[PDB]
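Next up: just one chain, as structure tokens, the form deposited in one PDB entry.
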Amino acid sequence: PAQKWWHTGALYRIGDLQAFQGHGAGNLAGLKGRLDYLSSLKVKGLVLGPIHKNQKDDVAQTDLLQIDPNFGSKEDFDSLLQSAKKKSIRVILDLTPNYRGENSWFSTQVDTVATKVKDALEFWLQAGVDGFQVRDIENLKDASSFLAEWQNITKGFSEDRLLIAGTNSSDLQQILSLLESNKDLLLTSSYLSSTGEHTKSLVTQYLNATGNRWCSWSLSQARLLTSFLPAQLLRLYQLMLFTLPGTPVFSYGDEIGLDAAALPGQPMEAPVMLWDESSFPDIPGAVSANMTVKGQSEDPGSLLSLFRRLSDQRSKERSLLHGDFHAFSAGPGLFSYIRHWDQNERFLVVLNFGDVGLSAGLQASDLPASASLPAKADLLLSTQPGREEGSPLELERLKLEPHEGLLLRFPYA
């Protein structure tokens, strides 16, 4: 199963150009100016838009082949891809049709709409697009079928073109039924939206039922992590998403812990991106410096620093790119696993989900002895500060603080 560009790193959903880039500047030309920042996150693909002409609930004033001119010209898009390709950043285009409406898939026009997609797929693939996203698929009749059509069209143009399907479904069987027909299809879901053994179960059960095939890992198809997670679990969940076998998918602001509910006047799905203290309206008490990109850039302890380091690991280390995944038992609320490819550096992930400090209580015998644990492994990082990064920890004596995650590394041996 050959390596593709979306296996090599995180995907980054930018669903609202103006929120992301700032007031008035929600243009494709302005996204160009942010590619360096994104490159600084080591993201491998932007999921963009939609940017197509959509008049709420007007199947006829919906041309997926024409950019809404508020975002800019087709030239700006051509120029964006060019600049994006040049920085090794791939571009996925969201083509969810009625994105201005409430049912993205319109109503009573199931075949009429699909056609515009089919035509859009071709048009945009010719324009130089690296893949497509379509959300809210549970509000699409003949879901399983329509996705297979678009898959085969996308894969037909090139095996190096991705189609992402998004759903609000958190039910395993419904997700498997969509994936039964198309198994090379990236499916973002609410599957992972608690218990350390339960997140363990969810992950292991999913991989179990999909024969350890490639998948996405996310919390949702669109929403920030903060929609599902309290602040104290963000760092842990980032460590996990960046170290689980598959493509981690985030939305803009996840790297700074952007929480729409904590910010006045912000829609859940598109809060203003906090570049600096001038980004948000002057509402005192709403945004401190340590909630912004600028502030968190200056702080090695920041969630953005952690994001950057994890994205770096995930995009350069073979064991994380395409390593095996072996979970094993630990203390009640611990989720522990190793990633191992061939004879490359191994990684041990130990995640403390509970809010009590715990002994890891790792048991190395349930693991296959292809990569059983050394006595001591170098701590790459902890989610919490004050540990001794770059120096060994004794694996049998691991004590994790509440909500602490650890990333250990050890060579083949």
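For every residue, the number given is its place in the sequence shown, counted from 1. Here the rigid core means the biggest group of C-alpha atoms that line up within 1.5 Å when the two forms are laid on top of each other.
K.L.:
Using the PDB record, quantify the missing residues of the deposited sequence between residue 193 and residue 194 as none, 1 to 3, 4 to 9, or 10 or more.
P.N.:
The entry has 1 to 3 unmodelled residues between residue 193 and residue 194.
K.L.:
Which of the two stretches, 363 to 371 or 49 to 57, shows the higher mean Cα temperature factor in the record?
P.N.:
If you average the C-alpha B-factors of 363 to 371 and of 49 to 57, the larger mean comes out for 363 to 371.
K.L.:
Should the higher mean CA B-factor in the entry be assigned to 72 to 80 or to 218 to 226?
P.N.:
Mean C-alpha B-factor is greater for 72 to 80.
K.L.:
So if I compare the CA B-factors in the entry for 305, 212, 336, 189, which one is the largest?
P.N.:
Answer, based on the entry's C-alpha B-factors: 212.
K.L.:
Can you pull the Cα B-factors for 283, 268, 179, 291 from the entry and say which is highest?
P.N.:
Largest recorded C-alpha B-factor: 179.
K.L.:
Is the Cα B-factor recorded for residue 118 in the lowest, middle or highest third of its chain?
P.N.:
It falls in the top third of the chain.
K.L.:
Should residue 166 be placed in the lowest, middle or highest third of its chain by the C-alpha B factor in the entry?
P.N.:
Middle third of the chain for residue 166's C-alpha B-factor.
K.L.:
Ranked by Cα temperature factor within the chain, is residue 199 in the lowest third, the middle third or the highest third?
P.N.:
For residue 199, the deposited C-alpha B-factor lands in the highest third.
K.L.:
Among the modelled residues of this chain, does the Cα B factor of residue 85 put it in the lowest, middle or highest third?
P.N.:
Tercile = highest for this residue's CA B-factor.
K.L.:
What third of the chain does residue 130 rank in for C-alpha temperature factor, lowest, middle or highest?
P.N.:
It falls in the middle third of the chain.
Quick note: we don't show the form deposited in another entry, though the next part is all about it.
K.L.:
Kindly check if the Cα atom of residue 354 is displaced 2 angstroms or more between this form and the one not shown relative to the superposed rigid core.
P.N.:
Superposed on the core, residue 354 moves its C-alpha less than 2 Å between this form and the one not shown.
K.L.:
Residue 374: after superposing the rigid core, is there a C-alpha shift of 2 Å or more between this form and the one not shown?
P.N.:
After core superposition, the C-alpha of residue 374 moves less than 2 Å between this form and the one not shown.
K.L.:
Core-aligned, is the CA shift for residue 281 between this form and the one not shown 2 angstroms or more?
P.N.:
Yes, its C-alpha moves 2 Å or more.
K.L.:
Given a CA distance change of at least 3 Å, are residue 294 and residue 24 closer or farther in that other deposited form?
P.N.:
Relative to the displayed form, residue 294 and residue 24 draw closer in that other deposited form - a change of at least 3 Å between their C-alphas.
K.L.:
Residue 24 and residue 298: their C-alpha distance differs by 3 angstroms or more in that other deposited form. Do they come closer or move farther apart compared with the shown form?
P.N.:
Closer: residue 24 and residue 298 approach by 3 Å or more in that other deposited form.
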